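The primary structure of each chain is shown beneath.
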Amino acid sequence: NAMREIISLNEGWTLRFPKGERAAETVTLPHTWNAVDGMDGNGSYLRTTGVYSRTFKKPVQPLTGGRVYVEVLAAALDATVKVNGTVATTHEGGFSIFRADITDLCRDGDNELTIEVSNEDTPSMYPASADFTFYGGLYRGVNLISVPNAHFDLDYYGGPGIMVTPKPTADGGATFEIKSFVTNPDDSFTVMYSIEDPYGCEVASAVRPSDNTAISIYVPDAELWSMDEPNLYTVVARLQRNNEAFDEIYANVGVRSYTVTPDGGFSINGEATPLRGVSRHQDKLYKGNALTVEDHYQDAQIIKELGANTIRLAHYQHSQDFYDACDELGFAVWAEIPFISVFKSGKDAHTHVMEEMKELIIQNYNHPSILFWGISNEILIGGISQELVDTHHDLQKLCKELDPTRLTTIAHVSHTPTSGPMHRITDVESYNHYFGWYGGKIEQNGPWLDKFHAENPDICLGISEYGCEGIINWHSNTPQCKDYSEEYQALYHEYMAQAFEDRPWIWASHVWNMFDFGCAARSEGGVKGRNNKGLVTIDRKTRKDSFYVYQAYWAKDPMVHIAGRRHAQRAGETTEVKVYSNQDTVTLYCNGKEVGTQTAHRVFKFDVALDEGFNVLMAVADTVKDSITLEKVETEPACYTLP
Amino acid sequence: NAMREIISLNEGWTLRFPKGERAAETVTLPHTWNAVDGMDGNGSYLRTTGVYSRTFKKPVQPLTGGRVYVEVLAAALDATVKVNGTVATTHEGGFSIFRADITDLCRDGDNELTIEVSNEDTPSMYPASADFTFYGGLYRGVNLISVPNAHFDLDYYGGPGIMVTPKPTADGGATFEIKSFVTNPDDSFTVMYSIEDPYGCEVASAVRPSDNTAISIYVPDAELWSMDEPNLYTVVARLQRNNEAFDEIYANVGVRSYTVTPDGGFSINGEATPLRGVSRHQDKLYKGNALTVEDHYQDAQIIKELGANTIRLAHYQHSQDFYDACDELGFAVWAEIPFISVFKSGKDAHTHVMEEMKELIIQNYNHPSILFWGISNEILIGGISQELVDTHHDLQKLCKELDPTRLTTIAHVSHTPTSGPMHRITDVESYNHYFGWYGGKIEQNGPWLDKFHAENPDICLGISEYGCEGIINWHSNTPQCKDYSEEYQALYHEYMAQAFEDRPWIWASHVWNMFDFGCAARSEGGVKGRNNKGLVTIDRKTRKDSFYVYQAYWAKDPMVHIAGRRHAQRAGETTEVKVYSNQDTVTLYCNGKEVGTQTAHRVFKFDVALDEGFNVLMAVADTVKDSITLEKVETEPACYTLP
Amino acid sequence: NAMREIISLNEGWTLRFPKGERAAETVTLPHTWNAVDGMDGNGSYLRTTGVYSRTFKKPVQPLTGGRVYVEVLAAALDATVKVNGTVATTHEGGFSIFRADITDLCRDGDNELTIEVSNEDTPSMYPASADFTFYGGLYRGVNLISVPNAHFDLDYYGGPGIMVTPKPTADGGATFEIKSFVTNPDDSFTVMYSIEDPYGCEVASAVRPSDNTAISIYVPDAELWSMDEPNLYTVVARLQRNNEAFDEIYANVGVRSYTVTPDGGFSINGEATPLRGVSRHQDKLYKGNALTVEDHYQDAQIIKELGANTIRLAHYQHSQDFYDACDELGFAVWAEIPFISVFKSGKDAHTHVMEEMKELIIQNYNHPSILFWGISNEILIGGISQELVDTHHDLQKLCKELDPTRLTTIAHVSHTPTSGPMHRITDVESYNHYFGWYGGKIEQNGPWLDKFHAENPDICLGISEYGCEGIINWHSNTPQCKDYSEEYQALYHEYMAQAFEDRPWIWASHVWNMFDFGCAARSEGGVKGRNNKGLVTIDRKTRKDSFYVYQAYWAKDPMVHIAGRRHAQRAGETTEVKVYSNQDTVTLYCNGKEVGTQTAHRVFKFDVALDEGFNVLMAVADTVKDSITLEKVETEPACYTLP
Ligand SMILES: Cc1cc2nc3c(=O)[nH]c(=O)nc-3n(C[C@H](O)[C@H](O)[C@H](O)COP(=O)(O)O)c2cc1C
Ligand SMILES: Cc1cc2nc3c(=O)[nH]c(=O)nc-3n(C[C@H](O)[C@H](O)[C@H](O)COP(=O)(O)O)c2cc1C
Ligand SMILES: Cc1cc2nc3c(=O)[nH]c(=O)nc-3n(C[C@H](O)[C@H](O)[C@H](O)COP(=O)(O)O)c2cc1C
């Protein structure tokens, strides 16, 4: 990128543990020391200080005055960077980029880079109390940046050096208000802005002095961004002297406007579009949170095939890779900070939360997929206080100071009083409800929504979490709460899918959660270490039957799915064979004999007298078919039921 | 794949020779120490004991109970594997996968793997008497396999741990009878089966207990497999515990039925499809048999262009890569064991042949291209025995016990009595005939076939070997047996191609051989160390005129080939210019003047009066043209005739 | 390629300087020690002796007789190759391939290779007096070549070992006159020639004795080569023995014929096609001339988008990568030797130019893009002598002995007398003019051309250099010579582009230059170390407004460009907004308000009264649009004018 050089420093590390809990080991980044114990259900996970260290050569610039920066893409939870013995920087918060100018700590030839990382609790730390593992370490990798003396800003909250506000115009075009930030500007430097259309062709440009960089650029005939058509432009910014580019940065951006109203729900680009989707944690089976770029895009593609149009990226800042995948595949994204569960008093905990929100907005400001900033999750679990409420006003004020182009949101714990000072702080609001799993009946969800909506017709209500555990080796002919069966989780989501389709004024609903994820503290349903409320398993391999409920309710590609394939052995004179489809007519066959034809909306239930022995079940929708094999048995195996 | 990990161990080996024939060398697998002396004509090839050794790091499973296996893809001919000095396993037979569980012999960190390979004869060994170099060493590569304690079986005759039997159903679907094999099954483990269509979409599924894994899965509207349309399905098997896959394995398979009848020949999926093809050895110029996956696919592609629809994979188990290429590209494959030439009596020789066949079947059961198991080649060269006959009955019974879905076959040496105990053992039978090369006249082939067919109307007769040496620096105007010319080899195959077209009741015919191959004992026709009966040279570069004979008879894409280009200088008032085409009318031009137009079936002979000096011969078929240059000389060069 | 094995030796080098100007450094090829100081404007560049040194392993051939060559792709400007301390060869000339047979200097295992390179002047050296940096070192890389004892010639002038002369025939075909050159030919070796068509299919073949290889091969229905449709054939040659390829070389070639007449200009394949294009140097920003293959193709792609159909590759032999890029992308290439500015008298200098010319023709004879051999550039700067004129006639004779199929050309310095001995030597002739930049006025160019053509109606007149410096931080409301402004360089090329469009009898015009390039001696217009006459900056990143003039005049894809975006702040009651387009009607809008509509040929000038503040200038052509932002100011910045 012009004279800017980015060198990956992911290889060649030794991880030591000063308190001796593990022998030294050589590792490659991305890395966490909790990749296994953070989700194997041993009972705990190692929280402590791990020291990473490696050697690097000092990068060299052709021209005098070069500068060297180390870029950590995340250090969970607390970090100190040393070059050749001397502290270069410290950082708190384990989900955001931070950088350090290590120019003057560098010598020619080999240098030593030392990063102390701690995932231990501290008086100012968030997260501290949550239902998910705090994987320690350098789980996103580390970069070396070489730039000339004049270069776009690398020092401001790990930001990109450029902010872009695209807006549609009445005449069918778009304005891109752009500002970039130059370290050591000077009258001999300009900033040349160029905008490239989705196909790579330049469509607009403008030029500014390097010390006065704000400009608004107009693109005619703009291709708007939406979840269905995520059209992207590329803003390129070049720091120029004479006929030479010194620095170059760029940003993918999208043009969209959007509204949420209490009676109307969500609209984007003037079209009513109810947000129906999922939440997603950042871990994977025995990798901890140390995911590759392929991991992130694979998650995104699975969620796209589901037919979701929104993703709540709880409970922290995610990878640039996953925001990139959202911009490109088209999802409405809710991004949030880990201000979770239990308010911690003090100036330092207040400073942590504000800094983390400042980094979340500045590092992710250019992503068109991000529509909502979330300021807390379930913060009343630890009890309300005046101090806690003031922090939420401070955070609301910061989001509108930093970014008035986006809506603020909040996720309430289930028992949050439906009046009180926690409402009307943010532009929109959501509740985390588990009626039918942690308490109550499934049939309570609908009336709860209707009642709150009627009593608060000025609040935009969404559901930021709802869900139910499903452990796919348990299977019940009489599925009920706390049997943990795949069938009961499907019944829960059968109701909710239809509940949210009945209520477009719910601006967004988010299944908790897309995937099973790791929580060291969990033990229930015969499994340790896990939240198993996923529509898909933690290794991304197995779609539960709940997944196909949503696929039939959301996806447009024709599909037909026979539920209960893992209920392989069925006892009884008849058994219910359930089919999900986005077609409206399903014919079921059993060993070639027609069982029946039904016309229904999404869910189809057939009573089937299985033949003795093995049975081919074939469901014929319109252009799609499905087929599974079931076995009639006298008594179903002991292993289909929790001990 | 789930928690299964396969690591390539092809790098960083040291090859030593205990008896001192060579200095120690560092090698990379695939490797044979006979890559040069096995085909360079020096006189002999080194048969001895080579010792390979390298270090490897112990792989780590995230959960407790991890197991480690070493996988040797092939070791020619006899091997002993040691880990840290201790013997892990021994294996006899040089063409098939074997594995050892080395868990208890591994320590943390670096381990030492040592493999002692011998290609010397033993009282047990097959091959022992054949016309091809027994290249020695680790010529397919080595893998390391990490698996959890519960995993698909790794210990059974080097197999994949799954067997899949697809059959077409009457209503246009397919049943897949699947059985998988689990080491340490358990009530908490299930096997989840999934079937993907050629385009990667799931079309059917079933689930089973891990100690009772057999299931039949029906796929509607199945896409059938044939040599013209090799549609493949993927069967995936996952070992599942709760919401987590422990192990995963998979098999590409095709849906086809087929028949051979003595009068009707070969049918596949209901259509009479005479099998007309070639054999193929597994070596390549100065590589020995240490071929890469690209080499195998290159061979497959060259055979596909030839228009061949069957490949005889003589005389041993070939690479998985090549069976994969036959499944993907579509060839009817005859697969066989090296039970060749001279029968060795003794219980140990018996065990060898029985186990090599068992490995052949279990390691290749899932390939749809394999249609025929061949139990022996030319086994009466060493005289018939009652032990010999009984071993053939044992192999026939073994083949039908392990795999009733395929047909057995045998290749008789030319002088085998057409009556007697070697007939009616296998389902179909072939002969190796060389009338017109090893004696006899070309014109006896046709009558011989018709006499056998007329006398043994209950036998399905094929021709597994026929061919003729062709060395392309020798050229003759009066081509005759033993001048070794390219022209005589073409005349031989001109006749044979037409003979097999006339006889659809020959179930299969295989040219010996597709490529020149290495045999260290050969010395004839002015060349040492080669069998030069190939249609294509041993470096895969030059197609002989014999190749284009078969292309014209077999290939569907229009082509046209002027023969005799390497007969560059022609003497005589007229010279014959021969053209091969799969179009039916050829106009020949000589320096732009029209020489003749003919309508013929495949073969076109023109008598041409060449102008003095150089002549442009252009042949014009319907939509294609060919062009070569010839020179008119007074005396042809001495270098065109064997000395 | 058969038994030929090409190994790159670009890694693992140490570079020392005997005279101690620098410390020892390890380097990778391609490399030059003048990568930075040759274009940073410090004042000078290091011309000394650098000694590169690495160790390599002797390659092994499977048969006795193996040979080892070292191939240096270029060494600027003088080199000596040693293997294990023994001189293998010496070379003069910094831009052509040279090889050494090092078979006998080699021992088994590790050997040491030393290459002393010096870029200082010598009595025989060209280049010596020129406006570009003589970057020193191994700026194209080094190869090791292993061949059998019989192989295609590696010892004749760095040549490819084969020459191919394709010519179209009247019946729509093509003849390929082929000669290859075999070292240690022999009666058992034949050369087998094959011609593959653009799509990889063999269309023609011939075979020859290896002591007598010349042959003409006819291809029917030939696909012609042209700049618009650069169809390429592949000629393949194989050294064959028995059934085994010993060596293999190949060449990509194209079929074209072309003419130049004084009154008709240039024609290719019978269609008049004026050559309008650019020159190109081989350096890039702080890379010196150590360019990668991507750098070469990137330059070619940029020139293709510009719409040029001709590239003058001054002032030396360029890399094979770029000649390939011109063969593949389609440009008429003028290639030349660095016989520039000042004639050196004496026999060694004369030998230098004759040998460098010979290397140019032999190494590039097969490239269909090359149409013109250039013998000298501006050679009368140092005065005419009898000996200069003689050396020019020697070069003409050498060109027509080596290559009668191409046209010779020459580049005259501006003041070269329009009569006399420097004219009518070569087939065509060019002048380097800079009327309007080094003197005179822009409007003199047109009349000059018309006077020469009137006076010399038998000379084919081209313009091999013209241009004007443009430094893009300088902007002027009254552009004039020596303000160095982007606007004035644009005015220049606006006139010149229309000048050559008006004169199709100019056979070729070449803009000096396509890119800015490095000249250590230069210091002017506020920039040091640079010739800044490029249409595009030296880092390939920024197209000057001059670039879009030529794009409008040459390119076919619709485009529209508002000039002067870097004149970003504009003073005056009105400002001129200039637009370039290859559409003929442009509507300009200022902040949504129409300013005017014009129908012009390529260049559009609008007088705009800007609004106070920021202004959106949008230009609407037929199917394309352009948009830029301008600011109205009272006083334009100080930094738009040279101090
Ligand atoms: C999205 C966004 C990105 C920003 N990036 C930068 C930046 O990279 N560099 C910078 O100096 N200021 C940046 N700013 C602006 C600063 O917030 C503000 O102008 C001023 O520097 C106050 O800095 P403070 O937050 O340290 O008080 C950015 C502002 C926003 C909203
Ligand atoms: C194609 C094929 C693959 C087989 N793979 C296995 C296997 O992986 N593990 C196993 O225990 N049996 C496997 N079997 C079946 C065995 O033959 C079976 O265990 C048999 O009853 C035991 O006989 P044996 O142990 O003497 O071979 C396979 C059978 C076939 C036909
Ligand atoms: C394009 C071209 C390539 C040539 N390549 C070779 C070659 O590789 N080897 C060779 O012996 N001659 C080659 N020649 C021809 C030589 O000029 C020829 O051998 C000549 O008689 C040698 O003369 P010399 O030894 O005085 O240079 C080539 C000629 C041309 C025009």
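Per the deposited record, the coordinates in this entry were obtained by X-ray crystallography to a resolution of 2.550 Å.

> Can you help me understand the interface of chain A and chain B in this one?
By a frequent convention, interface size equals the accessible area lost on bringing the separate parts together. With 33 residues of chain A at the contact, the number on the chain B side is 28 residues. Regarding the contact of chain A and chain B, the summed buried area is about 2300 Å², with carbon and sulfur atoms giving 51% of it. It is A:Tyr286, A:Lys541 and A:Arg565 that lose the most area in chain A upon contact with chain B, and together they represent 23% of the buried surface on that side. Seen at the junction of chain A and chain B, the total is five salt bridges. Here B:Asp221 and A:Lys625 are joined by a salt bridge, their closest N and O atoms 2.6 Å apart. Connecting chain A to chain B are 16 residue pairs in polar contact. Residue assignment for the side of chain A that touches chain B shows that the elements contributing at least two residues are β32 (527-531), β39 (614-620) and β40 (625-633) of chain A. It is β40(A) that contributes the most residues to the side of chain A that touches chain B, six residues altogether. Class assignment for the residues of the side of chain A that touches chain B results in 13 nonpolar, nine polar and eleven charged.

> What is the right way to read the relation of the copies chain A and chain B from this model?
Both copies of the chain are related through a single rotation about an axis accompanied by a shift along the same axis. Screw-axis analysis of chain A against chain B gives a translation of 0.2 Å along the axis, an RMSD of 0.2 Å, and a rotation angle of 120°. The two molecules are tied by a three-fold rotation axis, judged by turn and shift.

> Just checking my understanding: could you explain the packing of helix α3 (residues 347-364) of chain B against helix α4 (residues 386-402) of chain B for this structure?
Helix-helix packing is described using two parameters, namely the angle between the two axes and the distance between the axes. All names here are of chain B. Contact geometry for α3 and α4: axes closest at 10 Å, N-to-C directions at 25°. The pairing of α3 with α4 is recorded here as roughly parallel in orientation. Crossing geometry of α3 relative to α4 is assigned as right-handed. On α4, the residues that touch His350, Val353, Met354, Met357, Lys358, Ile361 and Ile362 of α3 are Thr391, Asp394, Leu395, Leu398, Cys399 and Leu402.

> What is the right way to look at the interface of chain C and chain B in this model?
Each side of the interface is counted separately: chain C has 29 residues, and chain B has 34 residues. When the area that chain C buries against chain B is broken down by residue, the three leading residues are C:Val207, C:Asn242 and C:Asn243, summing to 26%. Between chain C and chain B we count five salt bridges in total. The salt bridge involving B:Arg530 is made with C:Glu244; its shortest N-O contact spans 2.8 Å.

> I tried to follow helix α7 (residues 545-554) of chain A on my own but got confused; where do I start?
Counting buried positions along α7(A) yields ten of ten residues, so the element is predominantly enclosed. Restricting attention to buried positions, one finds in α7(A) the residues A:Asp545, A:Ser546, A:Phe547, A:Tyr548, A:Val549, A:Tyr550, A:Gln551, A:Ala552, A:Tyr553 and A:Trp554.

> Explain the packing of aromatic side chains to me, please; I cannot follow it from the model alone.
Two measures describe an aromatic ring pair: the distance that separates the ring centres and the angle between the ring planes. According to the stated counting rule, one finds 82 aromatic pairs over all chains in the structure shown. Between B:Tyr431 and B:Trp448, the aromatic rings sit 4.9 Å apart at their centres with planes inclined by 65°, giving edge-to-face as the arrangement. Here B:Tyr431, found in strand β28 (residues 429-432), pairs with B:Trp448, found in helix α5 (residues 445-455); they are 17 residues apart in sequence, far enough to count as distant. Relative accessible area serves as the criterion here: at 19%, B:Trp448 is assigned to the buried category. Seen from their ring centres, B:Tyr466 and B:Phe500 are 5.0 Å apart, and the 50° between their planes marks the pair as tilted. With a gap of 34 residues between them, B:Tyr466 in strand β29 (residues 461-466) and B:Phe500 in helix α6 (residues 486-502) connect regions that are remote in the sequence. For the residue pair B:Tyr466 and B:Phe500, the accessibility class agrees, reading buried in each case. Ring-pair connections join several aromatic residues into one group, and the members of that group are A:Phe95, A:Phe132, A:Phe134, A:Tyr139 and A:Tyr316. Taking NZ or CZ as reference, A:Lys482 lies 4.1 Å from the ring centre of A:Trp437, over its face.

> Looking at this model, I keep getting lost on the packing of helix α1 (residues 293-306) of chain B against helix α7 (residues 545-554) of chain B. Mind explaining?
All names here are of chain B. Direction vectors running N to C along α1 and α7 enclose 60°, while the axes themselves pass 8 Å from each other. If you check the angle between α1 and α7, you find them oblique. Residue-level inspection shows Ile302, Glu305 and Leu306 of α1 in contact with α7, the latter providing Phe547, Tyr550, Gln551 and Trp554.

> Would you mind going over the sheet that holds strand β22 (residues 271-272) of chain A with me for this structure?
Strand-to-strand pairing in sheets goes through backbone hydrogen bonds, with the strands running parallel or antiparallel. Residues and elements named next belong to chain A. Here we have three strands laid out as an open sheet, ordered β20-β21-β22, and antiparallel in their pairing. Each edge of the open sheet is held by one strand with a lone partner, namely β20 (258-261) and β22. Here strand β21 (residues 265-268) pairs with β22 via two bridges, running antiparallel. Counterpart to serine 267 in the pairing with β22 is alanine 272.

> Quick question: what am I supposed to make of the site of ligand 2 here?
Residues and elements named next belong to chain B. By nearness alone, every residue bordering ligand 2 is listed as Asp153, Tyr156, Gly161, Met163, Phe181, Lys358, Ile362, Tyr365 and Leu402. Contact distances for ligand 2 include 2.6 Å between an oxygen atom and a side-chain N or O atom of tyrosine 156. Alone, ligand 2 offers 630 Å² of accessible surface; in the complex the protein occludes 59% of this. Grouping the constituent residues of the shell around ligand 2 by class yields six nonpolar, one polar and two charged. Split by domain, the shell around ligand 2 shows at least three residues from each of two domains, domain 2 (149-257) and domain 3 (258-558).

> Explain the pairing of strand β23 (residues 275-279) of chain A here, please?
It is a general feature of regular strands that their side chains alternate between the two faces of the sheet. Residues and elements named next belong to chain A. For β23, the buried fraction is high: five of the five residues fall into the buried class. Relative to strand β30 (residues 508-511), β23 is paired through four bridges, and the arrangement is parallel. When the sheet's bridge partners are listed, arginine 276 is paired in β30 with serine 509. In this structure, β23 lies alongside strand β24 (residues 310-313), joined through two bridges in parallel fashion. Each residue of the ladder has a partner; that of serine 279, found in β24, is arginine 312. On the question of chirality, the crossover connecting β23 to the parallel β24 by way of helix α1 (residues 293-306) is right-handed.

> Whenever I open this one, unusual backbone geometry confuses me. Can you help?
Apart from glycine, the bulk of residues carry a negative phi angle, and the bulk of peptide bonds sit in the trans form. Residues and elements named next belong to chain C. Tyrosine 126 connects to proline 127 through a cis peptide bond whose omega is 0°. With respect to the helices and strands, the residue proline 127 is situated in the loop between β9 (110-118) and β10 (142-147). The amide bond that connects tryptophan 512 to the next residue, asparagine 513, takes the cis arrangement and shows omega of -5°. As for its position among the elements, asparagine 513 is in the loop between β30 (508-511) and β31 (517-524).

> Mind showing me how you'd approach the sheet that holds strand β13 (residues 174-180) of chain B here?
All names here are of chain B. Taken together, the three strands give an open sheet; going across it, the order is β12-β13-β17, and neighbouring strands pair in antiparallel fashion. Of all strands in the sheet, those with a lone pairing partner are β12 (162-168) and β17 (215-219), marking the two edges. The sheet shows a mean angle of 20° between the axes of neighbouring strands, direction not considered. The pairing of β13 with β17 spans five bridges and is classified as antiparallel. In the strand pairing of β17, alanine 174 is matched with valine 219.

> I tried to follow the nonpolar core on my own but got confused; where do I start?
Nonpolar side chains in soluble globular proteins generally cluster together in the buried interior. All names here are of chain A. Ranked by size, the top nonpolar core spans 96 residues in total, and within it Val278, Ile303, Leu306, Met357, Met514, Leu535 and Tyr550 carry the most contacts. Examining the composition of this core, we find that seven residues originate from one element, α7, more than from any other. Sequence-distant contacts of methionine 357, defined by excluding residues within four places in its chain, comprise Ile337, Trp373, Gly374, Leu395, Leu398 and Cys399.

> What should I look at first to understand the side chain of C:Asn531 in this one?
All names here are of chain C. Here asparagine 531 lies in strand β32 (residues 527-531). The class for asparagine 531 is buried, based on a relative accessible area of 1%. At 3.1 Å, the side chain of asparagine 531 forms a polar contact with the side chain of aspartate 131. There is a polar contact of 3.2 Å between the side chain of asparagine 531 and the backbone nitrogen of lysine 533. Setting aside residues no more than four positions away along its own chain, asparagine 531 makes contact with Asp131, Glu469, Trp512, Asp516, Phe517, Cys519 and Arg522.

Criteria and cut-off values
Residues numbered from 1 in each chain as written, not as in the entry; some residues may be left out. Chains lettered and ligands numbered in written order. Heavy atoms only, no water. Contact = heavy atoms within 4.5 Å. Buried area = accessible area lost by both parts, 1.4 Å probe. Salt bridge = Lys/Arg side-chain N within 4 Å of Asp/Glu carboxyl O. Polar contact = N/O pair within 3.5 Å; in protein donor to acceptor, adjacent residues only side chain to side chain. Helix = DSSP H or I, 4+ residues; strand = E, 2+ residues; numbered from the N terminus. Nonpolar A, V, L, I, M, F, W, Y, C, P; charged D, E, K, R; others polar. Least-squares fit on C-alpha atoms. Axes fitted to C-alpha atoms, helices over the stretch in contact; angles between N-to-C directions. Parallel < 35°, antiparallel > 145°, perpendicular 65-115°, else oblique. Left-handed = near helix turned anticlockwise from the far one by under 90°. Buried < 20%, exposed > 50% of the residue type's maximum accessible area, 1.4 Å probe, protein only. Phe/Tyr/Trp six-rings, centres within 6.5 Å; stacked < 30°, edge-to-face > 60°. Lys NZ or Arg CZ within 6 Å of the ring centre and 35° of its normal. Pairing = 2+ DSSP bridges. Near = heavy atom within 4 Å. Areas by Shrake-Rupley, 256 points an atom, 1.4 Å probe, with all protein chains shown as cover. Domains from an automatic or database assignment. Right-handed = clockwise from strand over helix to strand, strands pointing away. Core = buried A, V, L, I, M, F, W, Y, C linked by side-chain atoms within 4.5 Å.

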